[PDB]
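Colleague: Right, I'll just put the structure down here and ask away after.
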Ligand code: NI
Ligand code: NI
Ligand code: NI
Ligand code: NI
Ligand SMILES: [O-]
Ligand SMILES: [O-]
């Protein structure tokens, strides 16, 4: 009974994030010479052009990592990441201007990605 | 003297540290603001002495120990921050978990 | 430190008491604000020590005597009041005719 | 205590002088505001002691010497001015070139 | 992926079933429910969720369901519950409690809680968020009292006075139309919500009513102005016409009547009984029996809260010095002994715990501490848990029942009593955004940030010359909500319906938000949240023993409190 | 009669060819020219020249070429020159720089610089007079930051924030119409010139533009809100329509692009690149390459200025604590190591000296010191003189070239970048009378007197109870320009053309002088005074080595600075 002012007594268990959403694992490579760090909630197909991965598998998705965290890719680093599905209305506006609407417009997103030189449009 | 606003404010820290050191000298376990004042004044006097930021980051962890303060005070102080004029200008010192 | 307004203000009392005690140490008869500062700081340090309100009501009458202060100062001070944090929270101490 | 605005302000000078005297005691060469604080507090404590304006004009030139302060500080201080309550009321003391 | 509960609480604040200690007390609050969607928590910073096209919507203009301010991940402690939610503010009001962010990509977003271009963010993860405290017994004696109140999470001051005049030093009274007008104009510069009480004294209605028409928000009946049957009656007739509350400090001296005479003058009408224990004033020795009646809204002032070993010595001496009483005059000693009673002060602790006293208040600078209403509420709850145990109604080992009973005493209950709960007093949608953020280690001691009308007014913050705001010295400071003309938009002057209808704000040039006092006359004890108990309180005239349901209410004074010497420099 | 040059300089301040040391630095400024007529110098006091029928004209009314204020015998240090002149002020503006006095009896009197009945006098003999500093990277976090800025000679704050909200603690952003309106009203009480930046984030124009219409003076793009190609593009489209500046803190994380992607989104449009070295934020590790481009107006923030032995230890620790980074998480350490680079901080000193970085700024309370923009400018110039020598362009052994290059960085250049150089940023006829007087021994350290709109706002002055103003304690104090309604006439709120046209000042009841932002979109690097250099900056992605014209830019950190422990009590 030593008192730590304002201490927590957390309940038992674990918190499952993004429960009930499809997960997908993909390989991603930083082909650039500078580090790239990607946050939990960026539409994954719209990340830095020099990240090489199957861009189609990024559409309608983001990293399956705790809210507010980020995945780091050192220059030349290739690693696997796990993606989860976007929720809400499944619409993306802005960011890299690849979507500007429904994430269901896969053909249009990849055409824009290919024209602007986002690596990995297959 | 040409005191600026920060110089006026920081005299209070010195004063609170003197108050706290008098309380420690008559045998009291120090409370949260007393402990913070003592460690903060130590940092600003160290800068005045010409110590480095790295020296004060080290020394600031050994100014007060658990048995100098009341129960729970070590766990209330996660870090103490102070800015002072070093020989190379104002710098920020952060002392992490100063009372272990 | 998280100082509130009263904590900032009451540092002044401690400071004035230190000033007054230095003046008494070099042999001066103390004046009205000096005497008030010394007795007030004694009360707030006593509370910090964990004395009772009743102990400080008694002790506060024996901090300064007539021959410590200038002519008329005893008769100018009818009572000195201070609030401080005791172990059981803030309490008001009144010292009646502290210099007899 | 019935402090007026000037009494509140001038406690700062005493406090800065105490800070500066602690720095001098651990062997530091004093800077511009430290030096000014020490000489100013000396003047106001001298008035409190009942010295004359003429005595303090003389004594104030011998409180700190060149080897107590950093390079250039003597030449930065052309004169130090203080008002304090003498036995015959408030008077202005000016100390000319206090550090020669 | 799964996150362990310790790491989850460190990142986002606690979630369902987690407990948090209140400061250095023995009291634990448990998260009852959580509005979040796990994985879509809102947070702000580099690479965090609230960024354009992500958790921040980049499409919608401010009018289109976008917030001015999102407090993320708050642990709300309120009469309505102890729960985890985001809090959305717009136009200075709470507009949403739920889940904020971007419906483009997030599940579970409350539809009017969009984070957009227009949205500011306050991180409340790991903070406790409460309503601003409502202090209904304020003497306006020294303007320095406002920062004192803000530093302990008080956001509304109801009371009276003109500064350090003897009338004001004794009584929460701003007397007459001219003093009321002058203090409404003074209020334009005070960075807190204010309501002014007029003098509840007179034998003709017109002298009393003209104070309500001038802009008073209520009345105070005080024995120092003559708490006579006539003054009580005329004040409650005015109050019933004007729809404002009446507070009473009754006739301690029993000069024109005993408690039963004051109750007959009240005649079943609604009244707020101040310092109902009676050390602060009232019929000796039995005033606390008021707290049993259905038409009485009973408050304590703070100097008796809670009962400690220094309480009686401190109060007896304070009463003697303030009343110029002589230790060698037997009538003076008899009066003091009749007014400062360990028997009623000890019972007052238990009456709070039982929900029989509904409200706390300060009595700021008259016989109470402007900055200790919240502090002493929690010290009382902690003492009662130690001496009486967990209340029977508790579950999961939490103190949630006690925490809701006690937070009500200084938030919603004073607001209901005063007729201002439509504006303030709780964290509910549609109320003014007066919010206090607390670090749990400082809970009830020193507020972290005080939000007034959706802008920070007061904060514990460091060196303004530093590279960052946390370096020492960290102290309470007024923030931008108090500066310039923003003081007018972040604060409310509460006024009578008649003064508002008669255009007093325009006549005086008041620029503050104007709050209407209403619905004060058809409430009672049953309307006090978590504190609605009516009962026959017996006070023995010989022993001063308090009995409820045939049982003596007594407890011991304590030698130490939490929220005391660990925290304060003096 | 002839006067020896030492006695002349002691009486009237220095004249042509005389040199003055700046504080305790190695830097010397030389008087280039002098507007006086020797023997007819203006001065004020008993038996002095500015007396009725003598150097004061007794005939002319105020409208007839008479000044409201004459600063006598000023040593001006300005991008326009280092020279000796009288400065004449009227209606709060600088109306004459030349020779003041009475054309009745004096030769060489500038015709609109008559000292008359209406004229106040400030003696500037032996003072250095500069324009007020223009700080374009201010976080509005703690209102105590304003006096801090005034004490170091800053007179204009451009930035954003709502007080100590997390959005404001990270970003110079006042988001959306309501927060902007609230902070314009707060500004009515701040005794300094202000311009507010909105959130430069969104994928639709309307949410961004509605901030400009509400009274924002510019936008801030910050990575913490998503410094994406879309937010960059929409902000610069708004800026080009509205004629306001855009400041950027780019994507440090390189999440949606590298520096070349941000430059492609900018697409040749004008932008102010904040903390361009990148410790304060931006594409790791090569953001400083922005400073080579013709459409970029590049600023430094102050914590890296100049490179010292404690800089890296201080910054690495500050970044880790402020971002909640763990010393045992390799991604956290990698991020910190990628952002705090001795290679780019050392090169930043030299890029300032070469005129490749055009501006200084604080980053007040986010990662920079509100009161050290002017201080650290001169410490940088002094370090560069020691390490690189006098610049090739110097003559007479003076540091005049360097002094004009460096004074431009915190006066005229920020004003040009922001679109406010028609009002502020230099000592020129027709500009607002924001003037700072410095004793040379305190130059760049502690301002003597700060004049705002022709009235003293802030001064180092002594005991207010004394017979005279010089007795101790001498400290920075707000003067009469800050008191009452005079705060409205001595300060400017800078606002967009659209907000002014739409009557936002009248809607909000703003009483301050309203300044129009304009001419921000058809400037570039070539418009930065003394700091107009464009070049290919290469930053090696492996070693972080900076090269310009094939040469590595590197220098050593210093163990000591001037303008430091000689002056400061802490
Ligand atoms: Ni009362
Ligand atoms: Ni009262
Ligand atoms: Ni930045
Ligand atoms: Ni910044
Ligand atoms: O009272
Ligand atoms: O920044």
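Protein chains in written order, with the authors' numbering: chain BBB, 5 to 126; chain AAA, 1 to 100; chain AAA', 1 to 100; chain AAA'', 1 to 100; chain CCC, 1 to 570; chain CCC', 1 to 570. A prime marks a further copy of an entry chain. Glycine included, C-beta positions come from ideal geometry on N, C-alpha and C.
If you draw a straight line from the alpha carbon of residue 65/CCC to that of residue 83/CCC', how long is it in whole angstroms?
Modeller: If I take the Cα positions, the gap works out to 58 Å.
Colleague: Which chain CCC residues sit within Cβ distance under 7 Å of residue 64/AAA?
Modeller: Simply none; closest approach about 15 Å.
Colleague: Give me, in chain order, the residues of the same chain whose beta-carbon lies closer than 8 Å to that of residue 111/CCC'; leave out the 5 immediate sequence neighbours on both sides.
Modeller: Answer for residue 111/CCC': 65, 103, listed in chain order.
Colleague: Compile a chain-ordered list of the residues in the segment 389-408 of chain CCC whose CB is closer than 7 Å to at least one CB of chain BBB.
Modeller: Cβ contacts with chain BBB come from no residue of the segment 389-408 of chain CCC.
Colleague: Quick one: Cα of residue 514/CCC' to Cα of residue 74/CCC', how far?
Modeller: Rounded to whole angstroms, residue 514/CCC' to residue 74/CCC' spans 29 Å at the Cα level.
Colleague: Can you tell me whether residue 253/CCC is buried or exposed, with buried defined as 16 or more other CB within 10 angstroms of its CB?
Modeller: It is exposed - the Cβ of residue 253/CCC has fewer than 16 other Cβ atoms within 10 Å.
Colleague: In the DSSP assignment, find the unbroken beta strand (DSSP E) run with residue 199/CCC in it and report its ends.
Modeller: Residue 199/CCC -> beta strand (DSSP E) spans 193-199.
Colleague: Within 8 Å, do at least three Cβ pairs link the segment 473-482 of chain CCC to the segment 440-457 of chain CCC?
Modeller: Because the criterion of three Cβ pairs below 8 Å is met, the segment 440-457 of chain CCC and the segment 473-482 of chain CCC touch.
Colleague: Counting contacts by CB-CB distance shorter than 9 Å, is residue 374/CCC in contact with chain BBB?
Modeller: Not an interface residue.
Colleague: Taking C-alpha atoms, which residue in 530/CCC, 47/CCC, 319/CCC, 199/CCC lies nearest to residue 405/CCC?
Modeller: When only C-alpha atoms are compared, the closest one is 530/CCC.
Colleague: When the Cα atoms are used, what is the spatial distance from residue 82/AAA to residue 53/AAA?
Modeller: Cα-Cα distance, rounded: 11 Å.
Colleague: Between which two residues does the alpha helix (DSSP H) containing residue 70/AAA'' stretch?
Modeller: Run containing residue 70/AAA'': none; DSSP gives neither H nor E here.
Colleague: By the DSSP assignment, the beta strand (DSSP E) with residue 170/CCC in it spans what residues?
Modeller: Not the beta strand (DSSP E): residue 170/CCC falls in the alpha helix (DSSP H), residues 166-170.
Colleague: Exposed or buried, which one is residue 9/CCC when buried takes at least 16 other CB atoms within 10 Å?
Modeller: Buried is the call here.
Colleague: How many angstroms separate the CA atom of residue 280/CCC from the CA atom of residue 522/CCC?
Modeller: Between residue 280/CCC and residue 522/CCC, the C-alpha separation is close to 27 Å.
Colleague: How is residue 83/AAA classed by DSSP in three states: helix, strand or coil?
Modeller: Residue 83/AAA falls in the strand class under three-state DSSP.
Colleague: Would you verify that the beta carbon of residue 52/AAA is, or is not, closer than 9 Å to some beta carbon of chain CCC?
Modeller: Not closer than 9 Å to any Cβ of chain CCC, the Cβ of residue 52/AAA fails to qualify, so no.
Colleague: So, using beta-carbon positions, are residue 626/CCC' and residue 226/CCC' closer together than 9 Å?
Modeller: Residue 626/CCC' cannot be examined here, being either before or after the span of chain CCC' that is shown, 1 to 570.
Colleague: Do you know offhand how far residue 393/CCC's Cα is from residue 350/CCC's?
Modeller: Residue 393/CCC and residue 350/CCC: Cα-Cα distance of roughly 16 Å.
Colleague: DSSP on residue 63/AAA'', reduced to helix/strand/coil?
Modeller: Coil, per DSSP.
Colleague: For residue 393/CCC, which beta-bridge partners are listed by DSSP?
Modeller: For residue 393/CCC, which the question treats as bridged, DSSP gives no partner whatsoever.
Colleague: With a 10 Å radius around its C-beta and 16 neighbouring C-beta atoms as the bar for buried, classify residue 76/AAA as buried or exposed.
Modeller: By the neighbour-count rule (16 or more Cβ atoms within 10 Å), residue 76/AAA is buried.
Colleague: When every heavy atom of ligand 5 is checked, does at least one fall within less than 8 Å of the C-beta of residue 301/CCC?
Modeller: Yes - ligand 5 has a heavy atom lying nearer than 8 Å to the Cβ of residue 301/CCC.
Colleague: Can you list the alpha helix (DSSP H) stretches of 4 or more residues lying completely in the segment 18-61 of chain AAA'', in chain order?
Modeller: Within the segment 18-61 of chain AAA'', the complete alpha helix (DSSP H) runs of at least 4 residues are 32-49, 53-59.
Colleague: Relative to ligand 1, is the shortest distance from any of its heavy atoms to the C-beta of residue 363/CCC smaller than 8 Å?
Modeller: True, at least one ligand heavy atom lies under 8 Å from that Cβ.
Colleague: Would you call the segment 165-175 of chain CCC and the segment 425-436 of chain CCC in contact, with 3 or more CB pairs under 8 Å?
Modeller: They do not touch, by the three-pair rule.
Colleague: Starting from the beta carbon of residue 36/AAA', find every residue of chain AAA'' whose beta carbon is closer than 8 Å, and list them in chain order.
Modeller: Residues of chain AAA'' passing the Cβ test: 1.
Colleague: Give a yes or no on whether 9 Å exceeds the smallest Cβ distance from residue 4/AAA to chain CCC'.
Modeller: So, interface residue.
Colleague: Hey, does residue 152/CCC' have any beta-carbon neighbour from chain AAA nearer than 9 Å?
Modeller: It does; some Cβ of chain AAA falls within 9 Å.
Colleague: Using a Cβ-Cβ cut-off of less than 7 Å, give me the residues of the segment 73-100 of chain AAA that come near chain CCC', in sequence order.
Modeller: Hits within the stretch, in order: 79, 84, 85, 86, 87, 88, 89, 90, 91, 92, 94.
Colleague: Within this structure, are the beta carbons of residue 118/CCC' and residue 71/CCC' separated by less than 9 Å?
Modeller: Result no, Cβ atoms of residue 118/CCC' and residue 71/CCC' do not sit closer than 9 Å.
Colleague: Strictly by DSSP, which residues pair up with residue 34/BBB?
Modeller: Beta-bridge pairing links residue 34/BBB to 55/BBB.
Colleague: With distances taken between CB atoms, is the gap from residue 7/AAA to residue 258/CCC' smaller than 9 Å?
Modeller: Not in contact: residue 7/AAA and residue 258/CCC' (Cβ atoms no closer than 9 Å).
Colleague: Write down every uninterrupted run of the beta strand (DSSP E) in the segment 14-84 of chain CCC' whose length is 3 residues or greater and which is fully enclosed by it, in chain order.
Modeller: Runs of the beta strand (DSSP E) inside the segment 14-84 of chain CCC': 19-21, 28-30, 69-78.
Colleague: Can you look up residue 354/CCC in the DSSP assignment and give me helix, strand or coil?
Modeller: Of the three classes helix, strand and coil, the one that applies to residue 354/CCC here is coil, per DSSP.
Colleague: Extract the residue ranges of the beta strand (DSSP E) inside the segment 241-295 of chain CCC', only unbroken runs of 3 or more that lie entirely within it.
Modeller: Entirely contained in the segment 241-295 of chain CCC', the beta strand (DSSP E) runs reaching 3 residues are, in chain order, 245-249, 271-273.
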